[PDB]
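Asker: Here it is, the structure in full.
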Amino acid sequence: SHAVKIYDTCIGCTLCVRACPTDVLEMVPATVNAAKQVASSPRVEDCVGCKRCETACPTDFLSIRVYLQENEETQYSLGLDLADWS
Amino acid sequence: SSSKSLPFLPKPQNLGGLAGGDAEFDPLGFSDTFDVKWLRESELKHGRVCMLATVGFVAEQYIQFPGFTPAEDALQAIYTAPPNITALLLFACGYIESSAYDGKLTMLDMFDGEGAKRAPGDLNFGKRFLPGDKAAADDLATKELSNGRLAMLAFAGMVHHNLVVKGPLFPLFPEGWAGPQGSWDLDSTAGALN
Amino acid sequence: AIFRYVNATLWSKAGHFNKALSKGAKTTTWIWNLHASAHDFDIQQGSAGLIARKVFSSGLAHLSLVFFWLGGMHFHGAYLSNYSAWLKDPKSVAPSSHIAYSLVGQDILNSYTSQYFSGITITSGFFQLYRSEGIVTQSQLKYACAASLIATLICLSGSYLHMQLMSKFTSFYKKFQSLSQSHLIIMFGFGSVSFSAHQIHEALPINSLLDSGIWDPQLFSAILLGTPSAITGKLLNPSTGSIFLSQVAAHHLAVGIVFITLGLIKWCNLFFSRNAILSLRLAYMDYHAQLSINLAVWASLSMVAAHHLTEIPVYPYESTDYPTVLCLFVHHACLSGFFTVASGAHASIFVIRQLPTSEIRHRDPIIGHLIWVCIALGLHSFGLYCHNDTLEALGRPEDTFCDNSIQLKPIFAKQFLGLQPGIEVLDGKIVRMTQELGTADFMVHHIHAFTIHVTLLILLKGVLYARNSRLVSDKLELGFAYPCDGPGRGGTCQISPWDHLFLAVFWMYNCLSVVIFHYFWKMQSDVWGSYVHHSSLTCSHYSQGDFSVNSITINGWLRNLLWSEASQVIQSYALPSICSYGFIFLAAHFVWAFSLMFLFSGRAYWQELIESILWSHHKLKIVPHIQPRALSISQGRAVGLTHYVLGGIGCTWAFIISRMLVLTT
Amino acid sequence: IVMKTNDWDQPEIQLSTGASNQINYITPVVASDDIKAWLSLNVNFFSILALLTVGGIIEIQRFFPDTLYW
Amino acid sequence: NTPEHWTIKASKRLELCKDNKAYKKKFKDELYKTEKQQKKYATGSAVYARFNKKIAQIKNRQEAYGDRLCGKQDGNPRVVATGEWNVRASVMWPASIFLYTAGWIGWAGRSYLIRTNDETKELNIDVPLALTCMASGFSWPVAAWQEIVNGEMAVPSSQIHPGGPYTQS
Ligand SMILES: CC(=O)O[C@H]1CC(C)(C)C(=C=C/C(C)=C/C=C/C(C)=C/C=C/C=C(C)/C=C/C=C(C)/C=C/[C@@]23O[C@]2(C)C[C@@H](O)CC3(C)C)[C@](C)(O)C1
Ligand SMILES: CC1=C(/C=C/C(C)=C/C=C/C(C)=C\C=C\C=C(C)\C=C\C=C(C)\C=C\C2=C(C)CCCC2(C)C)C(C)(C)CCC1
Ligand SMILES: CC1=C(C/C=C(\C)CCC[C@H](C)CCC[C@H](C)CCCC(C)C)C(=O)c2ccccc2C1=O
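What follows is the structure in structure tokens.
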């Protein structure tokens with residue numbers, strides 16, 4: 026699976042969460058920024074690696090980073106449809 | 007307000023206050039686009055160079071410096087003249103050009119900051135003879151501009167007459183002259199088609 | 273109707289049409305997007321009425337452009353051509369309405385065409401077209417040019433007017449029944465009848481006089497006079513080597529009558545199976561659906577034109593004007609391919625913007641079977657060539673697929689003309705000759721089928737999987753032209769219908785290049801050439817009939833077609849006629865190679881290089897406020913594709929034209 | 669009758685209640701300022717510059733061919 | 113072995129073109145080809161006149177190039193790139209004039225950019241100012257040296273983006 030990390034530069038605009046195609050991310054309460062919320066990545070097992078969160082991130086450099094891990098590819102991260110590894 | 011020279015066109019508003027503009031004549035709005043100070047400096051320079059040029063163009067056909075092989079067609083005098091002396095002329099012209107403007111030679115540098123208060127064409131040369139009374143001073147400036155413009159047109163005419171006649175200036179029509187029809191001979195689009 | 277709203281104020285805005293370009297010129301990507309979306313009237317600011325306005329007015333403006341081009345052609349023929357010399361003696365003088373300047377030694381390009389004329393030999397068949405039309409005078413050509421220019425002005429005025437005449441209530445463009453009926457009865461039926469009238473009344477007497485040898489002004493200013501009872505096409509004009517123009521006029525009269533009859537039966541509702549097409553009628557009332565259908569129709573008609581203009585001779589002396597027939601075939605084949613890939617593109621756009629038809633719901637079997645047929649066709653067809661190569665190299669010709677060895681006879685390729693035995697000749701040239709099909713023709717035709725099927729596979733996959741797929745389920749949300757969906761799910765590069773076209777264009781170009789090479793080599797080897805003396809002639813062909821012996825191997829194609837026949841273009845530098853063709857050969861090679869830059873590289877390298885370069889500009893205080901950017905991914909693909917196709921087409925163009933020009937002169 | 673169409677190109681359209689004898693100009697309203705702005709657009713500026721440069725080079729080649737002076 | 117041999121004129125691989133057999137043969141062949149091409153057309157033809165003009169051009173080219181050096185084997189005129197100004201076909205004159213013109217273009221442009229400092233002006237050119245800068249760029253050598261000396265040309269590297277970060281922050 027890929028690694029989706031969030032950094033404190035986050036401003037809690039929720040655009041990453043809204044752009045998530047498989048609902049990997051969710052906003053959580055925080056005090057670091059004025060919006061009082063920061064995106065989290067609890068369901069990183071479903072991350073496919075499309076980097077749409079990264080596309081939608083406003084900050085100067087991304088407060089959300091998706092690191093691709095081709096060696097640890099799973100069926101959920103590969104979006105397998107015709108074949109099942111479960 | 008219609009222009010005096012062209013009563014069917016609007017009067018130019020940015021060229022006022024300069025001698026020789028009695029017939030306000032800027033149909034293309036060059037004074038509007040660019041700075042009239044630079045335009046007038048260039049006009050004076052062209053007038054002076056061109057009147058000196060007409061006098062020299064006439065003189066060279068007859069009289070030349072000792073040595074200095076002649077060229078009846080004064081257009082060829084540049085090639086026929088001593089290259090070192092021609093380079094000396096260029097050197098003197100460059101020295102004068104640099105010194106007169108102190109180094110602010112460009113369209114932006116000149117008439118910028120210091121030197122803007124300087125009159126467009128005033129190089130402080132031979133100003134001891136300028137009449138004190140403003141009426142006579144303006145009349146003299148207008149006379150200079152008129153002679154310069156006439157000299158520009160006259161030099162253009164001299165050069166092109168030499169080109170058409172392929173010969174010296176003074177005989178206006180050489181022996182056997184029949185017309186300038188055959189001078190512009192290089193092929194054109196319409197000419198080649200017809 | 274209100275023309276006070278057309279002002280030049282918007283001319284300097286440069287991006288008013290697209291709302292996404294409101295933040296003008298923050299980067300060079302803005303310039304590129306402006307150009308890319310200039311003519312995408314659907315996504316531009318306004319309404320559906322405005323979209324229709326723009327579509328129709330742009331069609332009229334392009335009509336005016338084409339009329340201007342035709343008028344320029346007529347003017348060049350009239351004033352800058354040797355049409356007089358060609359008309360009096362077509363064989364000796366090559367057509368040339370093209371003259372070059374003497375700027376930098378460029379006068380070398382002009383070549384001897386006649387005693388008093390020197391220029392560039394044209395290959396468009398315009399001289400033959402004029403001769404068929406009956407145009408034999410500079411005055412006639414001049415008035416044709418004047419008519420074309422007047423038509424250009426009229427079309428320009430029509431576009432400008434219709435930009436405001438049509439309002440939001442305008443609906444005449446949605447009247448499909450009226451549109452089709454008018455086009456079928458007037459534009460096609462009445463048009464064909466009127467052109468038959470023109471032929472009968474003007475071209476037939478003039479052409480008959482020209483065939484006889486009469487050049488009298490009074491005569492220039494009794495149908496079926498010379499045509500025997502022989503079936504049309506079975507007997508060519510002995511003095512011209514083309515179908516009788518009276519037969520052509522009768523053809524046009526019959527075609528116009530048939531079109532009028534079809535229109536009238538449709539008007540009377542005689543056609544009954546409306547329900548079988550009602551689904552398509554409801555679904556495909558869209559700009560892009562109609563554009564795709566029309567593009568495919570015109571592509572197929574262009575291919576049929578390419579085949580017929582050569583196989584069936586109808587223009588005077590075009591049969592013996594070998595460069596003309598070859599260039600016509602190649603040009604129309606290329607247009608067929610381009611318009612077919614265009615039809616695929618706009619089918620994909622229609623699927624994206626509108627609801628698709630129900631054949632998309634079993635798309636997996638369709639594309640799966642197409643994939644299988646493509647694989648099997650390619651394997652068999654190309655592996656026969658590879659087998660021939662390997663076995664011939666090993667030294668076993670008896671094991672190869674050829675007429676002498678194992679032979680694959682095209683049993684289904686059967687005659688239908690029923691022509692008499694022999695060939696038709698005209699002044700030392702073979703105007704018409706039967707093409708004899710064998711193993712080489714079998715193999716090359718199956719190669720053609722393979723390439724066509726692979727191009728169709730790419731286009732159909734792009735069309736059917738445009739809305740969604742197993743990989744990505746929101747391709748509809750992504751749109752039509754996007755680079756990818758991300759590096760995820762393994763990588764979603766070029767999943768868009770735009771990229772499917774970007775690949776189908778490569779495959780169409782490959783198919784058309786093979787088709788061009790097949791036609792060129794087969795015609796040179798087995799059809800074209802001269803003859804040496806009931807009389808029997810031994811026919812000396814330009815390529816010496818080597819297609820049937822050498823075309824069975826890829827090495828034979830490489831040697832006897834490319835290397836052997838590139839002698840003219842490769843050795844064209846000293847020759848005044850074709851030095852330009854040699855230089856264009858070289859430059860097209862350069863451009864094709866230069867395209868690989870964009871086809872192989874990626875955006876990020878160039879963006880980083882641009883930033884490193886911009887460091888120095890910033891250091892020296894050269895700050896471009898339209899910040900430089902690397903070309904987008906889709907733009908890089910488009911640029912690479914354009915340069916690739918242009919370079920390949922230029923190489924083929926120069927090679928074939930140089931060969932033909934040298935051989936015929 | 670005046671109607672708002674909600675079209676930027678033709679905000680309003682007028683219909684006649686009967687036969688009318690009125691001026692309806694079909695010519696567009698073009699201003700010299702608008703034309704000057706359009707030509708000031710970087711494209712026209714640089715295209716004119718490049719066309720003049722190319723013409724100058726071509727004319728130099730015409731007038732002094734083969735660089736005999738060099 | 114001598115300072116005199118430093119000049120490209122005193123080289124064993126080159127010869128004056130007027131004395132080069134290969135150069136003479138090449139030109140003779142070009143003239144023969146042009147005349148043969150001319151002979152095809154009629155005497156009083158416009159193409160005949162054009163071919164006469166081309167033949168004259170070739171002869172004048174031969175006369176002009178006779179002075180230039182060219183290799184013995186091929187006899188094609190060569191371009192001297194040692195730096196000798198007083199030599200035929202010297203590269204210095206074209207080099208100097210091109211360098212002046214290119215610096216003119218660069219200076220003009222940089223000056224427009226500095227004066228405008230706006231993407232809107234970059235897109236819609238301020239034609240008056242652009243022409244003013246183009247005209248002003250003639251003194252670019254002196255102006256550029258003065259700005260370099262006085263520090264108005266280059267800005268410290270700490271004022272511009274250095275690039276990507278190569279270490280931990
Ligand atoms: C202390 C200090 O600083 O010194 C002082 C000294 C001093 C003297 C006091 C000063 C001054 C003033 C000077 C030097 C003024 C000079 C003025 C001149 C030379 C004017 C020439 C005009 C020529 C014309 C109109 C030609 C016209 C020609 C025409 C119309 C020609 C026309 C034809 O050629 C054409 C065009 C074709 C020919 O075929 C036919 C003809 C007719 C010949 C200063 C400035 O204070 C400086
Ligand atoms: C002599 C000679 C030679 C040699 C040469 C050389 C070796 C040279 C060198 C050179 C060099 C080694 C140089 C250096 C440089 C450096 C630097 C550091 C620079 C910089 C620059 C700049 C900064 C610029 C700026 C500007 C201007 C001025 C103008 C335009 C714009 C701009 C902004 C770009 C040869 C043999 C070749 C040839 C013959 C002669
Ligand atoms: C080279 C390259 C670039 C860099 C190329 C750029 C930025 C193009 C430069 C555009 C110029 C400024 C347009 C002007 C036209 C040419 C300079 C014209 C030259 C004409 C000659 C005859 C002189 C990309 O950005 C890129 C992006 C994605 C895939 C592949 C590539 C790619 O291959």
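Protein chains in written order, with our numbering: chain A, 26 to 111; chain B, 7 to 200; chain C, 273 to 937; chain D, 669 to 738; chain E, 113 to 281. All residues carry an ideal CB built from backbone N, CA and C; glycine is no exception.
Would you check whether ligand 2 has a heavy atom nearer than 7 angstroms to the C-beta of E/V203?
Answerer: Counting from one through the fifth sequence, the residue named residue 203 of chain E turns up at place 91. E/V203: yes, Cβ under 7 angstroms from ligand 2.
Asker: In the DSSP assignment, find the unbroken alpha helix (DSSP H) run with E/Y135 in it and report its ends.
Answerer: For the purposes of this step, residue 135 of chain E is taken as the residue at position 23 of the fifth sequence. Here the alpha helix (DSSP H) through E/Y135 covers 133–151.
Asker: How about B/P18 and B/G35: do their beta carbons lie closer than 8 angstroms?
Answerer: As a working mapping, residue 18 of chain B is identified with position 12 in the second sequence. As a working mapping, residue 35 of chain B is identified with position 29 in the second sequence. Taking 8 angstroms as the Cβ cut-off, B/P18 and B/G35 qualify as a contacting pair.
Asker: Using a Cβ-based criterion (distance less than 7 angstroms to any ligand heavy atom), does B/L178 qualify as near ligand 1?
Answerer: Mapped onto the second sequence, residue 178 of chain B falls at position 172. Because some heavy atom of ligand 1 lies under 7 angstroms away, the Cβ of B/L178 counts as near it: yes.
Asker: Taking any Cβ of chain E, which residues in the stretch 351–383 of chain C have a Cβ under 7 angstroms from it, in chain order?
Answerer: For the stretch 351–383 of chain C, which is checked against every Cβ of chain E, the residues closer than 7 angstroms are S374, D379.
Asker: For C/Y803, which beta-bridge partners are listed by DSSP?
Answerer: The residue you call residue 803 of chain C lines up with position 531 of the third sequence. The partner list for C/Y803 (beta bridge, DSSP) reads C/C811.
Asker: DSSP on C/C674, reduced to helix/strand/coil?
Answerer: Numbered from 1 along the third sequence, position 402 holds the residue referred to as residue 674 of chain C. DSSP places C/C674 in coil when its eight states are reduced to three.
Asker: Do you know offhand how far C/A571's Cα is from D/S715's?
Answerer: Here residue 571 of chain C refers to the residue found at position 299 of the third sequence. Here residue 715 of chain D refers to the residue found at position 47 of the fourth sequence. The straight-line gap from Cα to Cα measures roughly 36 angstroms.
Asker: Given 7 angstroms as the limit, tell me if E/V239 has its C-beta closer than that to any heavy atom belonging to ligand 1.
Answerer: Taking the fifth sequence and counting its residues from 1, the one referred to as residue 239 of chain E is at position 127. Answer for E/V239: no, Cβ out of range of ligand 1.
Asker: Using CA coordinates, which residue listed in E/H273, E/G215, E/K140, E/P268 is at the minimum distance from E/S251?
Answerer: The residue given as residue 251 of chain E occupies position 139 in the fifth sequence. The option with the nearest alpha carbon to E/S251 is E/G215.
Asker: Residues with a Cβ closer than 5 angstroms to any heavy atom of ligand 3, in chain order?
Answerer: Listed along the chain, these residues meet the criterion: C/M869, C/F870, C/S873, C/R875, C/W878, C/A902, C/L903, C/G908.
Asker: Would you list the one or two residues that DSSP bridges to A/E95?
Answerer: Numbered from 1 along the first sequence, position 70 holds the residue referred to as residue 95 of chain A. In the DSSP output, where bridge partners are listed per residue, A/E95 has none listed.
Asker: Let's test the definition: count the other Cβ atoms within 10 Å of the Cβ of C/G760 and tell me whether it reaches 16, buried, or not, exposed.
Answerer: The residue labelled residue 760 of chain C in the question sits at position 488 within the third sequence. Label assigned to C/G760: buried.
Asker: Say whether the stretch 657–664 of chain C touches the stretch 818–836 of chain C, bearing in mind that this needs 3 or more beta-carbon pairs closer than 8 angstroms, one atom from each stretch.
Answerer: The stretch 657–664 of chain C is in contact with the stretch 818–836 of chain C.
Asker: Count the other C-beta atoms from every protein chain shown that fall within 10 angstroms of the C-beta of C/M932, then say buried if there are 16 or more, exposed otherwise.
Answerer: Numbered from its first residue, the third sequence carries residue 932 of chain C at position 660. By the neighbour-count rule (16 or more Cβ atoms within 10 Å), C/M932 is buried.
Asker: Which stretch, first to last residue, makes up the beta strand (DSSP E) that contains D/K672?
Answerer: The count along the fourth sequence starts at 1 and reaches residue 672 of chain D at position 4. Start and end: 670–672.
Asker: For B/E66, which residues in the same chain have their Cβ closer than 8 angstroms to its Cβ, ignoring the five residues on either side in sequence?
Answerer: As a working note, residue 66 of chain B is residue 60 in the second sequence. Around B/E66: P76, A77, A80, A83.
Asker: Suppose the cutoff is 6 angstroms on Cβ atoms and the five residues either side in sequence are ignored; what does the same chain contact list for A/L50 look like?
Answerer: Working through the first sequence from its first residue, we reach residue 50 of chain A at position 25. The residues are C41, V42, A64, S66.
Asker: Buried or exposed, going by whether 16 or more other CB atoms sit within 10 Å of the CB of C/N541?
Answerer: One-based indexing of the third sequence puts residue 541 of chain C at position 269. Classification of C/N541: exposed, given that the 10 Å Cβ count is below 16.
Asker: For E/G249 versus E/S208, is the C-beta spacing smaller than 8 angstroms?
Answerer: Counting from one through the fifth sequence, the residue named residue 249 of chain E turns up at place 137. Counting from one through the fifth sequence, the residue named residue 208 of chain E turns up at place 96. Against a cut-off of 8 angstroms, the Cβ pair of E/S208 and E/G249 comes out as no contact.
Asker: Of all the CB atoms in chain B, is at least one closer than 8 angstroms to the CB of E/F250?
Answerer: In the fifth sequence, residue 250 of chain E corresponds to position 138, counting from 1. Interface residue, yes.
Asker: Return helix, strand or coil for B/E49, following the three-state DSSP convention.
Answerer: Position 43 of the second sequence, counted from the first residue, corresponds to residue 49 of chain B. Helix, per DSSP.
Asker: Give the DSSP bridge partners of C/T299, in chain order.
Answerer: Taking the first residue of the third sequence as 1, we reach residue 299 of chain C at position 27. According to DSSP, C/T299 bridges with C/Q899.
Asker: Nearest chain C C-beta to D/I694 closer than 8 angstroms, yes or no?
Answerer: What you label residue 694 of chain D is simply residue 26 of the fourth sequence in a count that begins at 1. With 8 angstroms as the cut-off, D/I694 counts as an interface residue toward chain C.
Asker: For A/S65, which of helix, strand or coil comes out of DSSP?
Answerer: Taking the first residue of the first sequence as position 1, residue 65 of chain A is located at position 40. Strand.
Asker: Say whether chain E places a C-beta atom closer than 8 angstroms to the C-beta of B/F40.
Answerer: Reading the second sequence from its first residue, position 34 is the one you call residue 40 of chain B. Interface residue, yes.
Asker: Between which two residues does the beta strand (DSSP E) containing residue 282 of chain E stretch?
Answerer: Here chain E covers residues 113 to 281 and nothing more, so residue 282 of chain E does not appear.
Asker: Whole angstroms are fine: how far does the CA of D/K704 sit from the CA of E/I237?
Answerer: On the fifth sequence, residue 237 of chain E is found 125 positions in, with the first residue counted as 1. On the fourth sequence, residue 704 of chain D is found 36 positions in, with the first residue counted as 1. Straight-line Cα distance between these residues: approximately 11 angstroms.
Asker: Just to check my reading of the structure: C/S545 and C/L476 have Cβ atoms closer than 8 angstroms, yes? What is that Cβ distance to the nearest angstrom?
Answerer: Locating residue 545 of chain C in the third sequence gives position 273, counting from the first residue. Locating residue 476 of chain C in the third sequence gives position 204, counting from the first residue. Between C/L476 and C/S545 the Cβ distance is about 41 angstroms, and since that is not below 8 angstroms, they are no contact.
Asker: Identify the continuous beta strand (DSSP E) that holds A/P54 and give its terminal residues.
Answerer: If you number the first sequence from 1, residue 54 of chain A lands on position 29. 51–54 is the span of the beta strand (DSSP E), which, as asked, contains A/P54.
Asker: Ordered along the chain, which non-local residues of its own chain (more than five positions away) have a Cβ less than 6 angstroms from that of A/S111?
Answerer: Along the first sequence, one-based indexing puts residue 111 of chain A at 86. Excluding sequence neighbours, A/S111 sits near nothing in its chain.
Asker: B/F14: beta carbon under 7 angstroms from a heavy atom of ligand 1?
Answerer: As a working mapping, residue 14 of chain B is identified with position 8 in the second sequence. Outside the cutoff, so no.
Asker: May I ask you to verify whether the stretch 372–384 of chain C touches the stretch 456–473 of chain C, counting CB pairs closer than 8 angstroms and requiring at least 3?
Answerer: The stretch 372–384 of chain C is not in contact with the stretch 456–473 of chain C.
Asker: Can we count B/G27 as close to ligand 1, meaning its CB is less than 7 angstroms from some heavy atom?
Answerer: One-based indexing of the second sequence puts residue 27 of chain B at position 21. Outside the cutoff, so no.
Asker: Is E/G263 close to ligand 2? I mean its beta-carbon at under 7 angstroms from any heavy atom of the ligand.
Answerer: Translated into positions along the fifth sequence, residue 263 of chain E becomes position 151. E/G263 Cβ: outside cutoff for every heavy atom of ligand 2.
Asker: Report yes if the CB atom of C/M557 is closer than 8 angstroms to the CB atom of C/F673, and no otherwise.
Answerer: Reading the third sequence from its first residue, position 285 is the one you call residue 557 of chain C. Reading the third sequence from its first residue, position 401 is the one you call residue 673 of chain C. No, the pair does not count as a contact, with Cβ atoms beyond the cut-off.
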